[PDB]
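The next block is structure.json, given as JSON, C-alpha atoms.
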```json
[["chain", "number", "residue", "atom", "x", "y", "z"],
["A", 1, "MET", "CA", 98.21, 173.36, 141.14],
["A", 2, "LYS", "CA", 98.61, 169.74, 142.23],
["A", 3, "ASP", "CA", 100.65, 168.35, 145.13],
["A", 4, "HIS", "CA", 103.04, 165.93, 143.42],
["A", 5, "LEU", "CA", 105.75, 166.07, 146.10],
["A", 6, "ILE", "CA", 105.21, 164.34, 149.44],
["A", 7, "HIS", "CA", 105.58, 166.07, 152.81],
["A", 8, "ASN", "CA", 105.72, 164.56, 156.30],
["A", 9, "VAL", "CA", 106.06, 167.07, 159.14],
["A", 10, "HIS", "CA", 105.27, 165.56, 162.54],
["A", 11, "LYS", "CA", 105.43, 167.66, 165.71],
["A", 12, "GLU", "CA", 105.60, 166.60, 169.36],
["A", 13, "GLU", "CA", 104.96, 168.96, 172.27],
["A", 14, "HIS", "CA", 104.83, 168.23, 176.00],
["A", 15, "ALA", "CA", 102.90, 171.31, 177.11],
["A", 16, "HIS", "CA", 99.27, 170.82, 178.15],
["A", 17, "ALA", "CA", 96.87, 170.73, 181.10],
["A", 18, "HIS", "CA", 95.06, 167.66, 182.45],
["A", 19, "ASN", "CA", 91.73, 168.84, 183.85],
["A", 20, "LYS", "CA", 88.04, 168.08, 183.35],
["A", 21, "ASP", "CA", 86.54, 171.58, 183.49],
["A", 22, "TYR", "CA", 84.70, 172.45, 180.27],
["A", 23, "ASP", "CA", 81.43, 174.24, 179.51],
["A", 24, "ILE", "CA", 79.37, 172.48, 176.85],
["A", 25, "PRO", "CA", 76.04, 173.88, 175.59],
["A", 26, "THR", "CA", 72.74, 172.01, 175.36],
["A", 27, "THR", "CA", 72.67, 172.15, 171.56],
["A", 28, "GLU", "CA", 72.88, 168.97, 169.48],
["A", 29, "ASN", "CA", 76.58, 169.11, 168.60],
["A", 30, "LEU", "CA", 79.68, 167.34, 169.91],
["A", 31, "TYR", "CA", 83.19, 168.79, 170.16],
["A", 32, "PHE", "CA", 86.65, 167.21, 170.05],
["A", 33, "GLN", "CA", 90.33, 168.15, 169.97],
["A", 34, "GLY", "CA", 93.38, 166.35, 168.63],
["A", 35, "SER", "CA", 94.94, 167.49, 165.37],
["A", 36, "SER", "CA", 97.42, 165.20, 163.61],
["A", 37, "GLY", "CA", 99.38, 167.96, 161.91],
["A", 38, "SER", "CA", 97.60, 170.21, 159.42],
["A", 39, "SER", "CA", 93.95, 170.77, 158.52],
["A", 40, "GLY", "CA", 94.61, 168.38, 155.65],
["A", 41, "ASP", "CA", 95.73, 165.34, 157.63],
["A", 42, "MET", "CA", 92.44, 165.56, 159.51],
["A", 43, "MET", "CA", 90.55, 164.44, 156.40],
["A", 44, "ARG", "CA", 92.96, 161.59, 155.65],
["A", 45, "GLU", "CA", 93.17, 160.34, 159.23],
["A", 46, "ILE", "CA", 89.46, 160.72, 160.00],
["A", 47, "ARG", "CA", 88.50, 158.84, 156.83],
["A", 48, "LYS", "CA", 90.87, 156.07, 157.93],
["A", 49, "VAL", "CA", 88.71, 155.51, 161.01],
["A", 50, "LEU", "CA", 85.49, 155.17, 159.01],
["A", 51, "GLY", "CA", 86.87, 152.52, 156.68],
["A", 52, "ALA", "CA", 88.01, 150.64, 159.76],
["A", 53, "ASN", "CA", 84.52, 150.72, 161.28],
["A", 54, "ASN", "CA", 82.85, 149.63, 158.04],
["A", 55, "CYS", "CA", 81.84, 153.27, 157.61],
["A", 56, "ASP", "CA", 81.59, 155.16, 154.32],
["A", 57, "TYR", "CA", 81.96, 158.87, 153.54],
["A", 58, "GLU", "CA", 81.04, 161.24, 150.72],
["A", 59, "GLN", "CA", 83.38, 164.19, 150.14],
["A", 60, "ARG", "CA", 81.34, 167.35, 149.56],
["A", 61, "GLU", "CA", 83.75, 170.25, 150.02],
["A", 62, "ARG", "CA", 87.52, 170.69, 150.28],
["A", 63, "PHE", "CA", 87.17, 170.68, 154.07],
["A", 64, "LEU", "CA", 83.85, 168.83, 154.27],
["A", 65, "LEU", "CA", 83.18, 165.09, 154.32],
["A", 66, "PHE", "CA", 79.78, 163.41, 154.66],
["A", 67, "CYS", "CA", 80.43, 160.62, 157.16],
["A", 68, "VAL", "CA", 77.97, 157.75, 157.52],
["A", 69, "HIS", "CA", 77.82, 154.53, 159.54],
["A", 70, "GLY", "CA", 76.10, 151.35, 158.39],
["A", 71, "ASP", "CA", 75.53, 148.24, 160.49],
["A", 72, "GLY", "CA", 72.42, 146.50, 159.20],
["A", 73, "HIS", "CA", 69.53, 148.92, 158.76],
["A", 74, "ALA", "CA", 68.49, 152.55, 159.23],
["A", 75, "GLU", "CA", 67.98, 152.03, 162.96],
["A", 76, "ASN", "CA", 71.74, 151.47, 163.14],
["A", 77, "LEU", "CA", 72.51, 153.77, 160.21],
["A", 78, "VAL", "CA", 73.67, 157.29, 161.06],
["A", 79, "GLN", "CA", 74.56, 160.23, 158.82],
["A", 80, "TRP", "CA", 76.75, 163.12, 159.98],
["A", 81, "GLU", "CA", 78.99, 165.75, 158.38],
["A", 82, "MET", "CA", 82.50, 166.47, 159.64],
["A", 83, "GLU", "CA", 83.89, 169.94, 158.92],
["A", 84, "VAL", "CA", 87.52, 170.81, 159.63],
["A", 85, "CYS", "CA", 88.15, 174.31, 160.97],
["A", 86, "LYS", "CA", 90.43, 176.14, 163.41],
["A", 87, "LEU", "CA", 89.76, 179.13, 165.67],
["A", 88, "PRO", "CA", 92.10, 181.57, 167.47],
["A", 89, "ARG", "CA", 90.13, 181.17, 170.70],
["A", 90, "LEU", "CA", 90.76, 177.45, 171.13],
["A", 91, "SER", "CA", 93.75, 177.40, 168.77],
["A", 92, "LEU", "CA", 92.97, 173.74, 168.09],
["A", 93, "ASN", "CA", 91.26, 172.16, 165.08],
["A", 94, "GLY", "CA", 87.71, 171.91, 166.37],
["A", 95, "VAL", "CA", 85.90, 168.92, 164.89],
["A", 96, "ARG", "CA", 82.14, 169.40, 165.26],
["A", 97, "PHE", "CA", 79.79, 166.44, 164.84],
["A", 98, "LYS", "CA", 76.46, 167.28, 163.20],
["A", 99, "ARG", "CA", 73.79, 164.58, 163.27],
["A", 100, "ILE", "CA", 71.96, 164.79, 159.94],
["A", 101, "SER", "CA", 69.77, 161.72, 160.45],
["A", 102, "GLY", "CA", 69.46, 158.50, 162.43],
["A", 103, "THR", "CA", 69.42, 158.29, 166.22],
["A", 104, "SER", "CA", 71.23, 160.05, 169.07],
["A", 105, "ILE", "CA", 72.29, 156.91, 170.92],
["A", 106, "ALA", "CA", 74.14, 155.44, 167.94],
["A", 107, "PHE", "CA", 75.18, 158.96, 166.93],
["A", 108, "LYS", "CA", 77.08, 159.28, 170.21],
["A", 109, "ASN", "CA", 78.18, 155.71, 170.94],
["A", 110, "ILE", "CA", 79.96, 156.00, 167.59],
["A", 111, "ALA", "CA", 81.11, 159.59, 168.06],
["A", 112, "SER", "CA", 83.00, 158.47, 171.17],
["A", 113, "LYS", "CA", 84.86, 155.78, 169.22],
["A", 114, "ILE", "CA", 86.03, 157.88, 166.27],
["A", 115, "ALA", "CA", 87.67, 160.16, 168.84],
["A", 116, "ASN", "CA", 89.60, 157.30, 170.44],
["A", 117, "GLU", "CA", 91.15, 156.44, 167.08],
["A", 118, "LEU", "CA", 91.93, 160.09, 166.32],
["A", 119, "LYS", "CA", 93.40, 160.41, 169.81],
["A", 120, "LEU", "CA", 90.76, 163.12, 170.23],
["A", 121, "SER", "CA", 89.62, 164.46, 173.60],
["A", 122, "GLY", "CA", 86.68, 162.08, 173.83],
["A", 123, "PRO", "CA", 83.98, 163.93, 175.80],
["A", 124, "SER", "CA", 81.22, 162.01, 177.57],
["A", 125, "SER", "CA", 77.76, 162.72, 179.01],
["A", 126, "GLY", "CA", 77.90, 163.13, 182.77]]
```
Let's see the structure in the file written out as structure tokens.
Amino acid sequence: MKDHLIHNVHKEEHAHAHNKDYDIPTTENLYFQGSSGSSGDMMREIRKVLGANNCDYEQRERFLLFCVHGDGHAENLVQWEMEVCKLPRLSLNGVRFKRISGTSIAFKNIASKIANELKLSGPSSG
């Protein structure tokens, strides 16, 4: 069971709401929205961002990739896993950012960027 044939199905919808009214918990996890097709593309696209930001990743599970950023040393280094999943409630591939190690500051400052590239929501701390 190997995908030998290519498949490019892009969709474009103009139905959404522009409002800043969300309820985020106090836990240590960030949320984002902005799928680029199917749960698969997510992996491909996402990874693309890392490579661009001199960031490496270690695939663990079919829908699990160990993302990591490296600038110069640990202080700047940051490890986080990105799992791709979809729920009926939100009905939108919810990409959760789990900080395995490193620092919050860098963990966020970088989390905000990745989103920009993946045309993801891009939530901030207000």
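Considering the residues A:118, A:100, A:77, A:92 and counting only C-alpha atoms, residue 28 of chain A has its shortest atom-to-atom contact with A:100.
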Which distance in Å separates atom CA of residue 30 of chain A and atom CA of residue 81 of chain A, to one decimal?
11.7 Å
Mind pulling up the distance from atom CA of residue 110 of chain A to atom CA of residue 67 of chain A?
11.4 Å
So how many Å separate atom CA of residue 106 of chain A and atom CA of residue 41 of chain A, to one decimal?
25.9 Å
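Using all atoms listed in the file, the protein and nucleic acid residues lying no more than 9 Å from residue 9 of chain A, apart from those fewer than 2 places from it along its own chain, are residues 7, 11 and 37 of chain A.
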Can I get the selection written as a PDB file, in the frame of the given file, with C-alpha atoms?
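Here's the written file result-v9.pdb:
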```
ATOM      1  CA  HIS A   7     105.580 166.070 152.810  1.00  0.00           C
ATOM      2  CA  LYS A  11     105.430 167.660 165.710  1.00  0.00           C
ATOM      3  CA  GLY A  37      99.380 167.960 161.910  1.00  0.00           C
TER       4      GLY A  37
END
```
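Protein, DNA and RNA residues at most 9 Å from (90.9, 164.3, 165.0), with only C-alpha atoms, are these: residues 32, 33, 34, 35, 36, 41, 42, 43, 45, 46, 93, 94, 95, 114, 115, 116, 117, 118, 119, 120 and 121 of chain A.
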Rank nothing, just name the residue among A:113, A:21, A:105, A:96 nearest to residue 50 of chain A, using all atoms listed in the file.
A:113
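Proximity to residue 125 of chain A was assessed for A:25, A:70, A:3, A:16 counting all atoms listed in the file; the smallest distance is recorded for A:25.
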One residue among A:10, A:122, A:4, A:82 is nearest to residue 61 of chain A when using all atoms listed in the file, and that residue is A:82
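For the residues A:112, A:27, A:71, A:65, ranking by smallest atom-to-atom distance to residue 40 of chain A using all atoms listed in the file places A:65 first.
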Serialized segment 25-92 of chain A w/ C-alpha atoms as a PDB file, in the first residue's frame:
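Full text of selection_11.pdb as output:
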```pdb
ATOM      1  CA  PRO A  25      -7.246  28.122  28.904  1.00  0.00           C
ATOM      2  CA  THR A  26      -4.292  28.810  31.200  1.00  0.00           C
ATOM      3  CA  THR A  27      -2.588  25.516  30.356  1.00  0.00           C
ATOM      4  CA  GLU A  28       0.766  25.461  28.562  1.00  0.00           C
ATOM      5  CA  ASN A  29      -0.490  24.768  25.039  1.00  0.00           C
ATOM      6  CA  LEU A  30      -1.045  26.922  21.953  1.00  0.00           C
ATOM      7  CA  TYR A  31      -3.766  26.475  19.333  1.00  0.00           C
ATOM      8  CA  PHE A  32      -3.944  27.338  15.633  1.00  0.00           C
ATOM      9  CA  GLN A  33      -6.194  26.900  12.598  1.00  0.00           C
ATOM     10  CA  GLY A  34      -5.453  26.832   8.879  1.00  0.00           C
ATOM     11  CA  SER A  35      -5.463  23.513   7.035  1.00  0.00           C
ATOM     12  CA  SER A  36      -3.904  23.333   3.571  1.00  0.00           C
ATOM     13  CA  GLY A  37      -6.070  20.489   2.306  1.00  0.00           C
ATOM     14  CA  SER A  38      -5.892  17.127   4.062  1.00  0.00           C
ATOM     15  CA  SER A  39      -4.363  15.940   7.337  1.00  0.00           C
ATOM     16  CA  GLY A  40      -1.440  14.808   5.205  1.00  0.00           C
ATOM     17  CA  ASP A  41      -0.492  18.138   3.647  1.00  0.00           C
ATOM     18  CA  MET A  42      -0.156  19.500   7.183  1.00  0.00           C
ATOM     19  CA  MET A  43       2.966  17.399   7.728  1.00  0.00           C
ATOM     20  CA  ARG A  44       4.517  18.358   4.389  1.00  0.00           C
ATOM     21  CA  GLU A  45       3.717  22.066   4.667  1.00  0.00           C
ATOM     22  CA  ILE A  46       4.627  22.383   8.347  1.00  0.00           C
ATOM     23  CA  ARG A  47       7.976  20.672   7.782  1.00  0.00           C
ATOM     24  CA  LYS A  48       8.614  23.154   4.970  1.00  0.00           C
ATOM     25  CA  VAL A  49       8.509  25.984   7.509  1.00  0.00           C
ATOM     26  CA  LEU A  50      11.065  24.362   9.811  1.00  0.00           C
ATOM     27  CA  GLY A  51      13.636  23.841   7.073  1.00  0.00           C
ATOM     28  CA  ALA A  52      13.165  27.497   6.167  1.00  0.00           C
ATOM     29  CA  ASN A  53      13.859  28.615   9.736  1.00  0.00           C
ATOM     30  CA  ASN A  54      16.933  26.399  10.069  1.00  0.00           C
ATOM     31  CA  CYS A  55      14.738  24.065  12.120  1.00  0.00           C
ATOM     32  CA  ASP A  56      14.919  20.266  12.163  1.00  0.00           C
ATOM     33  CA  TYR A  57      12.260  17.647  12.897  1.00  0.00           C
ATOM     34  CA  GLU A  58      12.134  13.962  13.828  1.00  0.00           C
ATOM     35  CA  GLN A  59       9.138  11.986  12.568  1.00  0.00           C
ATOM     36  CA  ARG A  60       7.816   9.753  15.347  1.00  0.00           C
ATOM     37  CA  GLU A  61       4.330   8.675  14.268  1.00  0.00           C
ATOM     38  CA  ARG A  62       2.282   8.792  11.065  1.00  0.00           C
ATOM     39  CA  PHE A  63       0.659  11.988  12.336  1.00  0.00           C
ATOM     40  CA  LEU A  64       3.397  13.031  14.762  1.00  0.00           C
ATOM     41  CA  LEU A  65       6.559  15.043  14.110  1.00  0.00           C
ATOM     42  CA  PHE A  66       9.132  16.110  16.700  1.00  0.00           C
ATOM     43  CA  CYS A  67       9.844  19.732  15.783  1.00  0.00           C
ATOM     44  CA  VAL A  68      12.944  21.475  17.131  1.00  0.00           C
ATOM     45  CA  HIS A  69      14.552  24.891  16.674  1.00  0.00           C
ATOM     46  CA  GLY A  70      18.284  25.545  16.862  1.00  0.00           C
ATOM     47  CA  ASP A  71      19.946  28.957  16.840  1.00  0.00           C
ATOM     48  CA  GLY A  72      23.215  28.684  18.741  1.00  0.00           C
ATOM     49  CA  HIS A  73      22.757  26.926  22.075  1.00  0.00           C
ATOM     50  CA  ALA A  74      20.164  25.357  24.374  1.00  0.00           C
ATOM     51  CA  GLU A  75      19.028  28.775  25.596  1.00  0.00           C
ATOM     52  CA  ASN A  76      17.789  29.357  22.046  1.00  0.00           C
ATOM     53  CA  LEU A  77      17.065  25.679  21.394  1.00  0.00           C
ATOM     54  CA  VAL A  78      13.446  24.563  21.758  1.00  0.00           C
ATOM     55  CA  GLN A  79      11.839  21.137  21.390  1.00  0.00           C
ATOM     56  CA  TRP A  80       8.134  20.653  20.684  1.00  0.00           C
ATOM     57  CA  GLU A  81       5.908  17.980  19.147  1.00  0.00           C
ATOM     58  CA  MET A  82       3.268  18.785  16.529  1.00  0.00           C
ATOM     59  CA  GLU A  83       0.335  16.377  16.270  1.00  0.00           C
ATOM     60  CA  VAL A  84      -2.208  16.637  13.451  1.00  0.00           C
ATOM     61  CA  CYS A  85      -5.820  15.938  14.411  1.00  0.00           C
ATOM     62  CA  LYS A  86      -9.345  17.105  13.580  1.00  0.00           C
ATOM     63  CA  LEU A  87     -12.439  17.406  15.774  1.00  0.00           C
ATOM     64  CA  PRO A  88     -16.162  17.709  14.939  1.00  0.00           C
ATOM     65  CA  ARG A  89     -16.543  20.584  17.399  1.00  0.00           C
ATOM     66  CA  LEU A  90     -14.129  22.957  15.662  1.00  0.00           C
ATOM     67  CA  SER A  91     -14.241  21.089  12.350  1.00  0.00           C
ATOM     68  CA  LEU A  92     -10.754  22.428  11.634  1.00  0.00           C
TER      69      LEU A  92
END
```
